[PDB]
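Novice: Provided herewith is a single structure, encoded as structure tokens, for subsequent inquiry.
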Amino acid sequence: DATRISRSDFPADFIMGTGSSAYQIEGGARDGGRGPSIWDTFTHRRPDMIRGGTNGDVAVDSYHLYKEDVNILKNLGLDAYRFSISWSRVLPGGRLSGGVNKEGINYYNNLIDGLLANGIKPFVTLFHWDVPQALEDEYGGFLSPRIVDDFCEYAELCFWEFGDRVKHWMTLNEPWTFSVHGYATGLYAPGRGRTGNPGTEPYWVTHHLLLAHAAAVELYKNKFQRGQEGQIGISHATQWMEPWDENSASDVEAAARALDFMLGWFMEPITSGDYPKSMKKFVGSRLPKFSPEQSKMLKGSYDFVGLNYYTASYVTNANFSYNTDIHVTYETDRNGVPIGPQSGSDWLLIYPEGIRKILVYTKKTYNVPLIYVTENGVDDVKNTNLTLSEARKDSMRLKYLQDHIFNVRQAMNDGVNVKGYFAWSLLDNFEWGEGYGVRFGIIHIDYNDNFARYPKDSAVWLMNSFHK
Amino acid sequence: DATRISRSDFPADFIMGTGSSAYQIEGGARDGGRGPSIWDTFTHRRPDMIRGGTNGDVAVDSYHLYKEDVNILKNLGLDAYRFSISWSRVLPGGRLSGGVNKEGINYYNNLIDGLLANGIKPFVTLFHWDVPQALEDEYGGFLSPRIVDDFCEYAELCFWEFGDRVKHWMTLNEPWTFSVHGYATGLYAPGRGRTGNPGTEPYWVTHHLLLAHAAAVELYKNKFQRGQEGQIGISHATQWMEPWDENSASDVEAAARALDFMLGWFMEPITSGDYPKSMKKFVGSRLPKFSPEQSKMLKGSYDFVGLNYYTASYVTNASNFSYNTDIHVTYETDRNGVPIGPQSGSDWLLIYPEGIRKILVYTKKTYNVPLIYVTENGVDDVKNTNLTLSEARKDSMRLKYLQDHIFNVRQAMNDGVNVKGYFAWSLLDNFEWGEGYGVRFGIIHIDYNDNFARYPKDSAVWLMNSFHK
Amino acid sequence: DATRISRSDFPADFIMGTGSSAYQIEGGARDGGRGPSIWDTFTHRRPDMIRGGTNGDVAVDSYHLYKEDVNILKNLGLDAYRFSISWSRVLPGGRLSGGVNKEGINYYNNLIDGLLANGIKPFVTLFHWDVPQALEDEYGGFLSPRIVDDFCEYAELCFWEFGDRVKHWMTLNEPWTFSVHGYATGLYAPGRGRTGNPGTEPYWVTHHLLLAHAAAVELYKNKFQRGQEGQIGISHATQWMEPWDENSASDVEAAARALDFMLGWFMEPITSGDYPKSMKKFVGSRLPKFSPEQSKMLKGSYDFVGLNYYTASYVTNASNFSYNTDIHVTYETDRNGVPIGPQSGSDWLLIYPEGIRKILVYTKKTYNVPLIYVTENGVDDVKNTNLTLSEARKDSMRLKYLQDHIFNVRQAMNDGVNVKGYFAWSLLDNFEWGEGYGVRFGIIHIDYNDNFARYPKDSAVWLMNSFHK
């Protein structure tokens, strides 16, 4: 009975929390000295790429409303809050020569101070897709190896300013999603690949993302970890891949390959210092090679790994492009039966067992000693017709969270050392290409009235069932 | 050539301006002591009635941004600005016993003082559809004759507080629209008639609108006009009605009847103290009767009439009770596959600039009004969330529309109509009632992604250059 | 000797405090976003119903003066403070679709934080008669079963915002008084029954009060209590009922019936899930019936019960439909020319300290309540605008009254009643409903001539010295 799941089902030190990212909630896009990111530029120059043509200039205004966010987090009563730092907020020009923005640093310091004053642990991501436009424009951002040193200097700035208080850092969030939607589908900033090349650019970008991560982890471990005694990791996009036919050796291989191309692509490098075999084989000369120094810096470059999980698919065997390199076909149905029901999004199929399976797979395949679920959540059905009191009865979310958290506990019984779980998201917010219509929050946002926060049923259940 | 039309084509004292209404722009819906109106309640409880399910809680935030609106009006350089007072902002419970809200009065004082400090004449409408919910709940708002005294107390409050500076008052804006969409179609607040009765309620509501207007004009004329030396009138909804067949006596009658049911409904009472003949005939016992004292108070109850104009229709004779069916006409958009005019961004707004000339001439001929203002005329942009600001601000359709209509107003003045001024609708993109924010009427663009940032469209710049000073 | 009664006569963890209610003290009636309640409307539209025609617009201004009230509570030195939240201050339109008022929530946060910062426990009542007018107008407030869900949403808002700090909640205060004076005598808001029906409406209103209470307790117990670890109960109006003739079986029955109609009306439902037998018999088909699920939700729906007590009466058997006549009793004040007790400053409050012992013993015996608080007990000063402050603050009658009643509470605890605390009514002289400001219940005197200046009466000083820490 997942409806009964509670903190008593978990070890005493187990961390519960909720999440956000800077571009999705802050707004103040041009306030307090912030410089533009590639998402500012993409949403302003190409509003046809966004449902409703909207953008993050104001978002849900957590830049000015952070005290209310902290007050909501206090009332919610969970242990921790995952948020990201906007790189071009602290460094409007991305590199140190573009200036250091003291007011941007002061904002993160105030947020961190308010969190700690209320017994809430900050889990901080350095990079959640908001590449400074100045770096994008100067040398192509993550297309260039110059991104690695610039990212290290930004990481060092954050460790120096905030590391006395922040003890849990993540270099990157979902580099898979950044790489594939930025450079293969062209659906996300910087909008390339749909001028772009979906067969080459995603592999360069992922290669540089890995090097940025490894270099920032090295910097933290060598230069900060002894004095600040924090931990550093990374968050990866996951989706469970099930063989379409359980008894087809070909489908079992296809599902494993889809896991290689999505998760292994980032996990094998930080495990053995190389890409997955299946990727080396199918991608060939279009897959860059690590030097022996790079491989050594990459191998074991984490204190923990965060996994983000939403959904699952069946998998069968199938101009260069990433999509076709995987050599699989995804399937949603067996004999007319979907792997799970849809959320408010047609791509999000609810399959709670998938999170147990991805956690078991990750421990088995990469032998990760400490794991967090850094994102798990579900979006409401679109319906501008509902009043607040009807909109806040989010019983699909409530069941979703319960079933998934239940499955996390099952993975822990199977032997996975999971140290915490963060719902996505605290607040309804800017859902990238879908704009504001897709609501993931446990807290409702009234976009008609200054982004007023009101807890959904799932928030209240979380507080009552998980508050220490 | 309408593209050449400018201030030099008009008398020295001709007044050019732009407009808004309180619920459409202010926001601050629960800020500064404001009480709810029936539009708060309608948008909150029935968001399915609004495109996108939006509301006026924040609108374009002119409640907090009024200084910026004043600065835009100054840069625009036109003579005047037409806005409305929110009744439930100054009197949150509608009647005096619900309290007088000093902060609400302070807001309108600040707006009026900013306007005057920049050489801009305030044209102020008392009622633009935002009935205090407290009155709606206590006795049914305009369904009740109690509305008349309450509206008089509210009018007197505004004349007392503001009349030393405001010299141009309008009792009501488009009582036609309020009555028909509130009580016949149920599409606007309070959402009745679609519990409601489209055959009876619109006529009671209009009867009380008329009595409120006449009573407030009487109050201004007897109690304020000598000391304050201002003028008071009313703004009416109009649409030009053309016989579908120019040579059909039947279609000529039908167009005239459609004019009687829309404009005569309000104009004949303030002209002769009774409703149009065609209304008495087709509405029968469902049309209320004025007492002789009520007729005397209504007849000549204005110093000026404002007209609002957008579009036109062909009209033919029609083929249980309801206002729409009482008119006994059928509206037609096309003759032989040719529409009366092309669509704006709205499929109901067909661009027919000659219609504003015709409605002016018709109004002067039929009701012999000695001073007229065009209190609204404007057009909405094609819906397109794909455009950047610099593409969105090139409003060529609006620029043409304004030029052609202003040209037509000048033609009406040559025909003998004493038009004293003209007000574009609207200054700002705003809340367009049941269509929400997607329908942009502004000469000033609104960035809804970024704190409602104002930016002048091409039409604003042309207005300043061609009509300033 | 009750004059010697002190903290050392009670258990270490016994809670002493004082009380207020939102409408009686706050003022700021239209400040900080607050929406109207039915008491705003009642006092404004029907000032003849209030002695002196006054109202709660400003009251004693605890809305702005809350820091001073906290400082007084600190100096007073008692453990706890009982206040109510104004429903229409946090939710101006009563239901969520009327908006959530952040400033109203900020006020109660500030008050709670000041209280805790000074070692004072907040005891918080959700509903103390100030029904949002928006709910009253939309569907008749407590006359409608819609009130139950709306009250649940309001309760949940308060638990969410405040429950991390507030660990003692009361759903309702004196629903008896609300029901009887609102709907049987029509003397209190909403002023019905004196359009109303004193034979039916009080029973519907009480039925819905009970369902709102049971539903809000269920919500707290299932959704908040595990994470917040607080307690929730309810406060009931009581008056001691003594047989006029100790040896008349008929008078014994009549007193018990009077107890059934006042206290059993609310207590039996939360005890066994039904109304008292005597009520079912005498009220018949006019008494609503609980469904089996409603009975299950009501039975045991509290962690504690608060009792409010002032006075006592003799009772005898009585000699078209109405609550008052359904009780079938006659109240008597005298035996052989000897009143049950002397009058306070009010002719209805007869001082009978033994009555609080008896109502405690009766409540434990009849309903087997395991934890009881006296949530109100107090007495009003003789009316005399002739006294200077130093004469007015010598409240010997109150000082005696408190001592004798507190002594009686201690006697009830010796008899076996588990009383966990005691709250004087009231902290401050305040708005005493239909009697206005002339009726002073405070242990703290209010100077109504001079910005409601607070000054402790003799009783406040005795309470501090005898019951502090």
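Novice: Determine the sum of side-chain charges near B:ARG257: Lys and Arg each +1, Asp and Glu each -1, restricted to other residues whose C-beta is under 14 angstrom from that of B:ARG257. Let's see the in-between values first.
Specialist: Numbers: positive: B:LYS277, B:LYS280, B:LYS281; negative: B:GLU242, B:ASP251, B:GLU253, B:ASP260, B:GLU268, B:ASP326.
Its environment carries a net charge of -3.
Novice: Oh, and also: Take the Cα coordinates of region C:9-103, assign each an equal point scatterer, and use the Debye formula without solvent to give log10 I(q)/I(0) at q = 0.11, 0.12, 0.14, 0.15 Å⁻¹.
Specialist: Treating every Cα as an identical point scatterer, log10 I(q)/I(0) equals -0.42, -0.49, -0.63, -0.70.
Novice: Also, I was wondering about something else. How many nm is it between the label spots at A:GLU138 and A:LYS419, if each spot is 7 Å from the Cα in line with the beta carbon?
Specialist: For the pair A:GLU138/A:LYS419, the computed spacing is 3.4 nm.
Novice: Return the calculated 222 nm mean residue ellipticity for chain B, to the nearest 500 deg cm²/dmol, obtained by summing -39500 (n - 2.57) across DSSP H runs with n ≥ 4 and dividing by the residue count. If you can, show how the numbers build up before the last one.
Specialist: Details: 19 runs with 192 residues, N = 469.
Using -39500 (n - 2.57) per qualifying helix, the result is -12000 deg cm²/dmol.
Novice: Now for a different question. Whole-Hz ³J(HN,Hα) for each residue in region C:167-172, computed from phi via Karplus 6.51 cos²θ - 1.76 cosθ + 1.60 with θ = phi - 60°, x for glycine and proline: what do you get?
Specialist: Each residue's phi maps through the Karplus curve to give 10, 9, 10, 10, 5, 10 Hz.
Novice: Under the rule of -39500 (n - 2.57) per DSSP H run of 4 or more residues, summed and divided by the residues of chain A, what mean residue ellipticity at 222 nm is obtained, to the nearest 500 deg cm²/dmol?
Specialist: Rounded to the nearest 500, it is -11500 deg cm²/dmol.
Novice: Would you mind telling me the antiparallel percentage of the DSSP bridges in the protein assembly as shown, rounded to 5? Write out the running numbers ahead of the final one.
Specialist: On the way: 36 of 156 bridges.
Antiparallel bridges: around 25 percent, rounded to the nearest 5.
Novice: Something else about it: Would you compute, for the Cα atoms of region C:117-207, the largest minus smallest coordinate along each principal axis and list the three values in descending order, in whole Å?
Specialist: Its Cα atoms span 47, 23, 20 Å along the three principal axes.
Novice: Right, something else. Explain nothing, just the number: relative contact order of region B:336-382, from Cα pairs under 8 Å at least 6 residues apart, as a whole percent. Write down the numbers at each step before the final one.
Specialist: Numbers: 26 pairs, mean separation 18.9, N = 47.
Computed value for region B:336-382: 40 percent relative contact order.
Novice: Treating the Cα atoms of region C:274-349 as identical point scatterers in vacuum, please give the log10 of the normalised Debye intensity I(q)/I(0) at q = 0.13, 0.14 Å⁻¹, two decimals.
Specialist: With no solvent term, the Cα-only Debye profile gives -0.68, -0.76.
Novice: Could you tell me which of C:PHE162, B:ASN173, B:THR385 has its Cα farthest along the dipole of the protein assembly as shown towards the positive end, charges placed at Cβ (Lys, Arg +1; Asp, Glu -1), taken about the Cα centre?
Specialist: C:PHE162
Novice: At a Cα cut-off below 28 Å, give the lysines reachable from B:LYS102, other chains included and same-chain residues fewer than 8 away excluded.
Specialist: Filter leaves B:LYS67, B:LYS74, B:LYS121, B:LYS167, B:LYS221, B:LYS223, C:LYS67, C:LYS102.
Novice: Quote the Stokes-Einstein diffusion coefficient, in whole µm² s⁻¹, for chain B, based on the Kirkwood radius over alpha carbon pairs, a temperature of 25 °C and a viscosity of 0.890 mPa s. Walk me through the numbers before you get to the answer.
Specialist: On the way: Rh = 22.4 Å.
The Stokes-Einstein estimate is 110 µm²/s.
Novice: With 19 Å as the limit, write out which pairs from A:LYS296/A:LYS364; B:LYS358/B:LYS420; B:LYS400/B:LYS457; B:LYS400/B:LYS420; B:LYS281/B:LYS364 have Cα-Cα distances beyond it, or answer none. Intermediate results must be reported in sequence, preceding the final value.
Specialist: Numbers: A:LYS296/A:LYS364 22 Å; B:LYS358/B:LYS420 17 Å; B:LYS400/B:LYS457 13 Å; B:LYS400/B:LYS420 22 Å; B:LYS281/B:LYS364 24 Å.
Violating the 19 Å Cα-Cα cut-off are A:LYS296/A:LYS364; B:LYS400/B:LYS420; B:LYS281/B:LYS364.
Novice: Would you calculate the convex hull of the Cα atoms in region A:155-304 and tell me its volume per residue in Å³? Please list the in-between numbers first.
Specialist: Numbers: hull volume 19.8 nm³, N = 150.
Taking the convex hull of the Cα positions in region A:155-304, it is 132 Å³ per residue.
Novice: Then there's this: Where Rh is the Kirkwood radius over the Cα pairs of region B:165-236, the temperature 4 °C and the viscosity 1.567 mPa s, what D in µm²/s does Stokes-Einstein return?
Specialist: Calculated translational D: 98 µm²/s.
Novice: Skipping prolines and chain starts, which residues have an amide H placed within reach, meaning under 5 Å, of the one on A:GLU242, given they are 5 or more residues away or on another chain?
Specialist: For A:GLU242, whose amide H was placed from the backbone, the distant partners under 5 Å are A:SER313, A:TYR314, A:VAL315.
Novice: Could you give P(r) for region B:302-459, binned at 5 Å from zero, as whole percent values over all Cα-Cα pairs?
Specialist: 2, 8, 15, 17, 17, 16, 13, 7, 4, 1, 0
Novice: Follow-up question, since we're still on this one. Please state, to two decimals, what the Cα-based radius of gyration of the protein assembly as shown comes to when divided by 2.2 N^0.38 Å (N = residues). Before the final figure, lay out the partial values.
Specialist: On the way: Rg = 36.3 Å, N = 1406, 2.2 N^0.38 = 34.6 Å.
Here the Cα radius of gyration is 1.05 times the empirical estimate.
Novice: When averaged across all projection directions, what area in nm² does the alpha-carbon convex hull of region B:251-294 cover?
Specialist: On the way: hull surface 12.5 nm².
That works out to 3.1 nm².
Novice: Using only the Cα atoms of region A:253-321, what semi-axes does the equivalent ellipsoid have when each is the square root of 5 times a gyration tensor eigenvalue? Give whole Å, largest first. Spell out each step's value before the answer.
Specialist: Working: eigenvalues 102, 67, 15 Å².
After scaling each eigenvalue by five and taking roots: 23, 18, 9 Å.
Novice: Further, regarding this structure: Which value, in Å³ per residue, describes the convex hull spanned by the Cα atoms of region B:130-176? Working shown, then result.
Specialist: Numbers: hull volume 4.0 nm³, N = 47.
Value for region B:130-176: 84 Å³ per residue.
Novice: Hey, what's the per residue convex hull volume over the C-alpha atoms of region A:236-356, in cubic angstrom?
Specialist: Taking the convex hull of the Cα positions in region A:236-356, it is 128 Å³ per residue.
Novice: Further question: For chain A, which semi-axes, largest first and in whole Å, follow from the square roots of 5 times the eigenvalues of its Cα gyration tensor? Write down the numbers at each step before the final one.
Specialist: Numbers: eigenvalues 170, 159, 105 Å².
Rounded to whole Å, the semi-axes are 29, 28, 23.
Novice: Round to a whole angstrom and tell me the spacing of the C-alpha centers of region A:277-340 and region B:248-266.
Specialist: Taking the Cα centre of each part, region A:277-340 and region B:248-266 sit 72 Å apart.
Novice: Take the Cα pairs of region C:328-393, get the Kirkwood Rh, then feed it into Stokes-Einstein at 4 °C and 1.567 mPa s and tell me D in µm²/s.
Specialist: Details: Rh = 15.0 Å.
Translational diffusion coefficient: 86 µm²/s.
Novice: Using alpha carbon centroids, what distance separates region B:46-84 and region C:1-37, in Å?
Specialist: 46 Å
Cβ: placed from backbone, ideal geometry, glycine included. Neighbour counts: every protein chain shown. Throughout, read-outs are computed from the coordinates displayed, never taken from laboratory work.
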